[PDB]
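Below is target_5.csv, holding CSV, C-alpha atoms and all ligand atoms.
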```csv
chain,number,residue,atom,x,y,z
A,1,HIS,CA,-24.9,-70.8,-24.5
A,2,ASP,CA,-21.5,-72.3,-23.5
A,3,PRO,CA,-19.0,-70.8,-26.0
A,4,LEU,CA,-16.8,-74.0,-26.4
A,5,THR,CA,-19.5,-76.7,-26.9
A,6,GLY,CA,-22.5,-74.5,-28.0
A,7,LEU,CA,-24.6,-76.4,-25.5
A,8,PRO,CA,-26.8,-74.6,-22.9
A,9,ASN,CA,-24.9,-73.7,-19.7
A,10,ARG,CA,-25.7,-74.3,-16.0
A,11,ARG,CA,-27.9,-71.1,-15.9
A,12,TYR,CA,-29.8,-72.2,-19.1
A,13,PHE,CA,-30.2,-75.9,-17.9
A,14,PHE,CA,-32.1,-74.5,-15.0
A,15,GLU,CA,-34.2,-71.9,-16.9
A,16,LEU,CA,-35.2,-74.7,-19.4
A,17,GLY,CA,-35.3,-77.7,-16.9
A,18,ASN,CA,-37.6,-76.0,-14.4
A,19,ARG,CA,-40.2,-75.6,-17.0
A,20,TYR,CA,-39.9,-79.2,-18.1
A,21,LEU,CA,-40.5,-80.2,-14.4
A,22,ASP,CA,-43.6,-78.0,-14.3
A,23,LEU,CA,-44.8,-79.7,-17.5
A,24,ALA,CA,-44.1,-83.2,-16.2
A,25,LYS,CA,-46.1,-82.3,-13.0
A,26,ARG,CA,-49.1,-81.2,-15.1
A,27,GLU,CA,-48.8,-84.2,-17.6
A,28,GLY,CA,-48.2,-86.8,-14.9
A,29,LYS,CA,-44.9,-87.8,-16.5
A,30,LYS,CA,-41.5,-88.7,-14.9
A,31,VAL,CA,-38.3,-86.8,-15.7
A,32,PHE,CA,-34.8,-88.4,-15.3
A,33,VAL,CA,-31.8,-86.2,-14.4
A,34,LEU,CA,-28.4,-87.6,-15.2
A,35,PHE,CA,-25.2,-86.1,-13.8
A,36,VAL,CA,-22.1,-87.1,-15.9
A,37,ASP,CA,-18.6,-86.6,-14.7
A,38,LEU,CA,-15.7,-87.1,-17.2
A,39,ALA,CA,-12.4,-88.4,-15.7
A,40,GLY,CA,-9.2,-88.1,-17.6
A,41,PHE,CA,-9.1,-84.3,-18.6
A,42,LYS,CA,-6.3,-83.6,-16.1
A,43,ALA,CA,-4.0,-86.2,-17.9
A,44,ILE,CA,-5.0,-84.9,-21.3
A,45,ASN,CA,-4.5,-81.2,-20.3
A,46,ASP,CA,-1.1,-81.9,-18.6
A,47,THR,CA,0.2,-84.0,-21.5
A,48,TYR,CA,-1.2,-82.3,-24.6
A,49,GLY,CA,-2.3,-78.9,-23.4
A,50,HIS,CA,-5.8,-77.4,-22.6
A,51,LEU,CA,-6.6,-76.9,-26.3
A,52,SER,CA,-6.5,-80.7,-26.9
A,53,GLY,CA,-8.7,-81.1,-23.8
A,54,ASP,CA,-11.1,-78.5,-25.3
A,55,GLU,CA,-11.2,-80.5,-28.7
A,56,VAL,CA,-12.1,-83.7,-26.7
A,57,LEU,CA,-14.9,-81.8,-24.9
A,58,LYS,CA,-16.2,-80.4,-28.2
A,59,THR,CA,-16.3,-83.8,-29.9
A,60,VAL,CA,-17.9,-85.6,-26.8
A,61,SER,CA,-20.6,-82.8,-26.6
A,62,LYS,CA,-21.5,-83.2,-30.3
A,63,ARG,CA,-21.6,-87.0,-30.0
A,64,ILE,CA,-24.0,-86.9,-26.9
A,65,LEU,CA,-26.3,-84.3,-28.6
A,66,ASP,CA,-26.7,-86.7,-31.6
A,67,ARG,CA,-27.8,-89.6,-29.3
A,68,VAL,CA,-30.5,-88.0,-27.2
A,69,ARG,CA,-33.8,-86.4,-28.3
A,70,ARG,CA,-33.7,-82.7,-29.4
A,71,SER,CA,-36.6,-82.2,-26.9
A,72,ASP,CA,-34.2,-83.6,-24.1
A,73,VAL,CA,-31.7,-81.1,-22.5
A,74,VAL,CA,-27.9,-81.6,-22.6
A,75,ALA,CA,-25.9,-78.9,-20.8
A,76,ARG,CA,-22.3,-78.3,-20.0
A,77,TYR,CA,-22.8,-78.1,-16.3
A,78,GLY,CA,-19.2,-77.3,-15.4
A,79,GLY,CA,-15.7,-77.7,-16.8
A,80,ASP,CA,-15.8,-81.5,-17.3
A,81,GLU,CA,-19.4,-82.1,-16.2
A,82,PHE,CA,-22.5,-82.6,-18.2
A,83,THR,CA,-26.2,-82.7,-17.1
A,84,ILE,CA,-28.9,-84.4,-19.1
A,85,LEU,CA,-32.7,-84.1,-18.6
A,86,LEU,CA,-34.7,-86.9,-20.1
A,87,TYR,CA,-38.4,-86.0,-20.4
A,88,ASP,CA,-41.0,-88.7,-20.0
A,89,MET,CA,-38.8,-91.6,-19.0
A,90,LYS,CA,-39.5,-94.8,-17.2
A,91,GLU,CA,-37.4,-97.0,-15.0
A,92,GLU,CA,-37.7,-100.0,-17.4
A,93,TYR,CA,-35.9,-98.0,-20.2
A,94,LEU,CA,-33.1,-96.5,-18.0
A,95,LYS,CA,-30.5,-99.3,-18.3
A,96,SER,CA,-30.7,-98.9,-22.2
A,97,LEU,CA,-30.3,-95.1,-21.9
A,98,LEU,CA,-27.3,-95.4,-19.6
A,99,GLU,CA,-25.6,-98.0,-21.9
A,100,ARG,CA,-26.1,-95.6,-24.9
A,101,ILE,CA,-24.8,-92.5,-23.0
A,102,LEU,CA,-21.8,-94.4,-21.5
A,103,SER,CA,-20.8,-95.9,-24.8
A,104,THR,CA,-20.9,-92.5,-26.5
A,105,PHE,CA,-18.8,-90.7,-23.9
A,106,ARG,CA,-16.3,-93.6,-23.9
A,107,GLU,CA,-15.6,-93.4,-27.7
A,108,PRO,CA,-12.0,-92.1,-28.3
A,109,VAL,CA,-11.5,-88.7,-29.9
A,110,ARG,CA,-8.7,-88.7,-32.5
A,111,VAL,CA,-6.7,-85.5,-32.0
A,112,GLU,CA,-3.8,-85.4,-34.6
A,113,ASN,CA,-3.7,-89.3,-34.6
A,114,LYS,CA,-3.5,-89.6,-30.8
A,115,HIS,CA,-6.6,-91.6,-29.4
A,116,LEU,CA,-7.8,-89.6,-26.4
A,117,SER,CA,-10.5,-91.0,-24.2
A,118,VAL,CA,-12.3,-90.0,-21.1
A,119,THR,CA,-14.1,-92.1,-18.5
A,120,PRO,CA,-17.8,-91.2,-17.7
A,121,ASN,CA,-19.4,-91.7,-14.3
A,122,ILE,CA,-23.1,-91.2,-14.1
A,123,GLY,CA,-25.5,-90.4,-11.2
A,124,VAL,CA,-29.3,-90.5,-11.7
A,125,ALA,CA,-32.2,-88.7,-10.0
A,126,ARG,CA,-35.9,-89.1,-10.8
A,127,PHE,CA,-38.6,-86.6,-10.7
A,128,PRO,CA,-40.9,-86.6,-8.7
A,129,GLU,CA,-39.4,-89.1,-6.2
A,130,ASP,CA,-36.1,-87.4,-5.6
A,131,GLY,CA,-37.2,-83.8,-5.5
A,132,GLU,CA,-39.6,-80.9,-6.4
A,133,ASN,CA,-37.1,-78.8,-8.3
A,134,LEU,CA,-34.0,-79.2,-10.6
A,135,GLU,CA,-31.5,-77.9,-7.9
A,136,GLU,CA,-32.6,-80.7,-5.6
A,137,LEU,CA,-32.6,-83.4,-8.3
A,138,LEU,CA,-29.1,-82.4,-9.5
A,139,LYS,CA,-27.7,-82.6,-5.9
A,140,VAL,CA,-29.2,-86.1,-5.5
A,141,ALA,CA,-27.8,-87.3,-8.9
A,142,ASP,CA,-24.4,-85.7,-8.1
A,143,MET,CA,-24.2,-87.4,-4.6
A,144,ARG,CA,-25.2,-90.8,-6.2
A,145,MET,CA,-22.4,-90.5,-8.7
A,146,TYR,CA,-20.0,-89.6,-5.8
A,147,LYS,CA,-21.1,-92.5,-3.5
A,148,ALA,CA,-20.9,-95.2,-6.3
A,149,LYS,CA,-17.2,-94.4,-7.1
A,150,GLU,CA,-16.2,-94.6,-3.3
B,1,LIG,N1,-36.7,-88.7,-23.4
B,1,LIG,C1,-36.2,-89.7,-24.0
B,1,LIG,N2,-36.8,-90.9,-24.0
B,1,LIG,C2,-36.2,-92.0,-24.6
B,1,LIG,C3,-35.0,-91.8,-25.3
B,1,LIG,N3,-34.7,-93.0,-25.7
B,1,LIG,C4,-35.6,-93.9,-25.4
B,1,LIG,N4,-36.6,-93.3,-24.7
B,1,LIG,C5,-37.8,-93.8,-24.0
B,1,LIG,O1,-37.5,-95.2,-23.8
B,1,LIG,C6,-38.6,-96.0,-24.6
B,1,LIG,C7,-38.0,-97.2,-25.1
B,1,LIG,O2,-36.8,-97.0,-25.9
B,1,LIG,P1,-36.2,-98.1,-26.9
B,1,LIG,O3,-36.0,-99.3,-26.1
B,1,LIG,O4,-34.9,-97.5,-27.5
B,1,LIG,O5,-37.3,-98.3,-28.0
B,1,LIG,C8,-37.6,-97.4,-29.0
B,1,LIG,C9,-36.7,-97.5,-30.2
B,1,LIG,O6,-36.4,-98.9,-30.6
B,1,LIG,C10,-37.5,-96.8,-31.3
B,1,LIG,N5,-37.2,-95.3,-31.4
B,1,LIG,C11,-38.1,-94.3,-31.1
B,1,LIG,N6,-37.5,-93.2,-31.5
B,1,LIG,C12,-36.3,-93.5,-32.0
B,1,LIG,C13,-35.3,-92.8,-32.4
B,1,LIG,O7,-35.5,-91.4,-32.5
B,1,LIG,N7,-34.2,-93.3,-33.0
B,1,LIG,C14,-34.0,-94.7,-32.9
B,1,LIG,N8,-32.9,-95.2,-33.4
B,1,LIG,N9,-35.0,-95.4,-32.4
B,1,LIG,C15,-36.2,-94.8,-32.0
B,1,LIG,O8,-38.9,-97.0,-30.9
B,1,LIG,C16,-38.9,-97.7,-29.6
B,1,LIG,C17,-40.1,-97.1,-28.8
B,1,LIG,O9,-39.9,-95.7,-28.6
B,1,LIG,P2,-40.8,-94.9,-27.5
B,1,LIG,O10,-42.2,-95.5,-27.6
B,1,LIG,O11,-40.7,-93.5,-27.7
B,1,LIG,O12,-40.3,-95.4,-26.1
B,1,LIG,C18,-39.0,-95.0,-25.6
B,1,LIG,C19,-39.1,-93.7,-24.8
B,1,LIG,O13,-40.3,-93.7,-24.0
B,1,LIG,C20,-34.5,-90.6,-25.3
B,1,LIG,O14,-33.3,-90.5,-26.0
B,1,LIG,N10,-35.0,-89.6,-24.7
B,2,LIG,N1,-32.6,-96.3,-29.3
B,2,LIG,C1,-33.2,-95.1,-29.3
B,2,LIG,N2,-32.6,-94.0,-29.6
B,2,LIG,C2,-33.2,-92.8,-29.6
B,2,LIG,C3,-34.5,-92.7,-29.1
B,2,LIG,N3,-34.9,-91.5,-29.2
B,2,LIG,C4,-33.9,-90.8,-29.7
B,2,LIG,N4,-32.8,-91.6,-29.9
B,2,LIG,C5,-31.5,-91.2,-30.3
B,2,LIG,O1,-31.4,-89.8,-30.3
B,2,LIG,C6,-31.1,-89.3,-31.7
B,2,LIG,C7,-31.8,-88.0,-31.9
B,2,LIG,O2,-33.3,-88.1,-31.6
B,2,LIG,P1,-34.2,-87.0,-32.2
B,2,LIG,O3,-33.6,-85.6,-31.8
B,2,LIG,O4,-35.6,-87.3,-31.7
B,2,LIG,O5,-34.1,-87.1,-33.8
B,2,LIG,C8,-34.7,-88.2,-34.5
B,2,LIG,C9,-36.2,-88.0,-34.7
B,2,LIG,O6,-36.5,-86.6,-35.1
B,2,LIG,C10,-36.4,-88.9,-36.0
B,2,LIG,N5,-36.8,-90.3,-35.6
B,2,LIG,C11,-36.1,-91.4,-35.8
B,2,LIG,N6,-36.9,-92.4,-35.3
B,2,LIG,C12,-38.0,-91.9,-34.9
B,2,LIG,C13,-39.1,-92.4,-34.4
B,2,LIG,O7,-39.2,-93.8,-34.3
B,2,LIG,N7,-40.1,-91.7,-34.0
B,2,LIG,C14,-40.1,-90.3,-34.2
B,2,LIG,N8,-41.2,-89.6,-33.8
B,2,LIG,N9,-39.0,-89.8,-34.7
B,2,LIG,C15,-38.0,-90.6,-35.1
B,2,LIG,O8,-35.2,-88.9,-36.7
B,2,LIG,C16,-34.2,-88.2,-35.9
B,2,LIG,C17,-32.9,-88.9,-36.0
B,2,LIG,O9,-33.0,-90.3,-35.4
B,2,LIG,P2,-31.8,-91.2,-35.1
B,2,LIG,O10,-30.8,-91.1,-36.2
B,2,LIG,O11,-32.3,-92.5,-34.7
B,2,LIG,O12,-31.1,-90.4,-33.9
B,2,LIG,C18,-31.7,-90.5,-32.6
B,2,LIG,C19,-31.2,-91.7,-31.8
B,2,LIG,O13,-29.8,-92.0,-31.9
B,2,LIG,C20,-35.1,-93.9,-28.8
B,2,LIG,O14,-36.4,-93.8,-28.4
B,2,LIG,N10,-34.5,-95.0,-28.8
```

Target format structure tokens, applied to this file:
Amino acid sequence: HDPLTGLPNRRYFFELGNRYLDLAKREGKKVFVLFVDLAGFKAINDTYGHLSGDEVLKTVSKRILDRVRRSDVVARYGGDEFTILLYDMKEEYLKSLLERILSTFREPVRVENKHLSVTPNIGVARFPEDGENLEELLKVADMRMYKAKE
């Protein structure tokens, strides 16, 4: 597990997530893969130091975990990237999930009375439509996040 946030890492998101995809295949369920980029860590790190940036990451991680199911997967994909696997999702409920996830990551983190906030950008991929494996789905979600901010 990621030492800073305690969340599963990139390696673990795959080991876990690939099994969920195999389960969804058997159960005839859909799985939604969210790629979350957080903007604003460069400014926090440059101004206050990497340790304040790490406190922001830790609080944001805890907040997201508390707002998704314990059966869903939240991983620290990279430095300022998070990946979320939502098991047994449907298109009709997506808008509500995105609003909940965006509002949670957008909440300021009070670090010694300074109000530090990051800006989330989310890309979505859907299993089985967007791919057979988690590597494929993540690339689709990542590219969608990239193309929307252009
Ligand atoms: N994997 C995953 N799927 C999610 C998650 N959030 C919502 N869904 C999916 O979206 C459906 C509708 O969500 P809702 O509008 O919040 O509508 C929900 C909500 O109002 C309530 N609900 C169910 N569980 C919880 C919960 O643990 N906490 C809260 N506050 N409400 C819950 O019951 C309604 C119906 O729930 P469901 O039949 O299960 O139907 C849920 C479920 O299939 C999620 O965090 N992870
Ligand atoms: N709007 C909405 N939010 C959802 C949904 N599913 C999960 N969440 C969010 O994710 C948090 C953690 O879900 P959990 O791990 O299943 O942890 C849940 C779950 O174990 C249980 N719980 C609450 N409501 C339901 C429910 O309606 N059905 C079942 N089976 N369990 C529930 O209590 C724990 C804490 O619930 P919360 O405090 O509500 O905290 C929930 C809620 O903020 C949902 O379908 N709709």

**Item:** Neighbourhood of ligand LIG 1 (chain B) at 6 Å, counting all atoms listed in the file, reported as number ranges by chain
**Value:** A: 68-69, 72, 86-89, 93

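With distances taken over only C-alpha atoms, A:57 is the one residue among A:43, A:57, A:4, A:137 lying closest to residue 110 (chain A).
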
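Taking only C-alpha atoms and all ligand atoms into account, every polymer residue with at least one atom at most 12 Å away from ligand LIG 2 (chain B) is listed here: residues 62, 63, 64, 65, 66, 67, 68, 69, 70, 71, 72, 73, 74, 86, 87, 88, 89, 90, 93, 94, 95, 96, 97, 98, 99, 100, 101 and 104 of chain A.
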
**Item:** region 33-39 of chain A environment, 10 Å, only C-alpha atoms, sequence neighbours closer than 5 positions dropped, as a VMD selection string
**Value:** chain A and resid 17 44 57 60 73 to 74 76 to 87 89 98 101 to 102 105 to 106 117 to 127 130 134 137 to 146

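The space between CA of residue 41 (chain A) and CA of residue 55 (chain A) spans 11.0 Å.
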
**Message:** So the first atom is CA of residue 112 (chain A) and the second is CA of residue 52 (chain A); what is the distance between them in Å, to one decimal place?
**Reply:** 9.4 Å

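You will find CA of residue 133 (chain A) at 11.4 Å from CA of residue 15 (chain A).
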
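Minimum atom-to-atom distance to residue 51 (chain A), evaluated using only C-alpha atoms, belongs to A:111 out of A:20, A:27, A:111, A:135.
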
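Proximity of A:149, A:31, A:42, A:61 to residue 19 (chain A), computed with all atoms listed in the file, is greatest for A:31.
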
**Item:** Residue nearest residue 25 (chain A) - candidates A:150, A:116, A:132, A:48, atoms counted: only C-alpha atoms
**Value:** A:132

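Considering all atoms listed in the file, the residue among A:113, A:50, A:75, A:129 positioned nearest to residue 10 (chain A) is A:75.
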
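Each of A:23, A:103, A:108, A:28 was compared to residue 40 (chain A) using all atoms listed in the file, and A:108 turns out to be the nearest.
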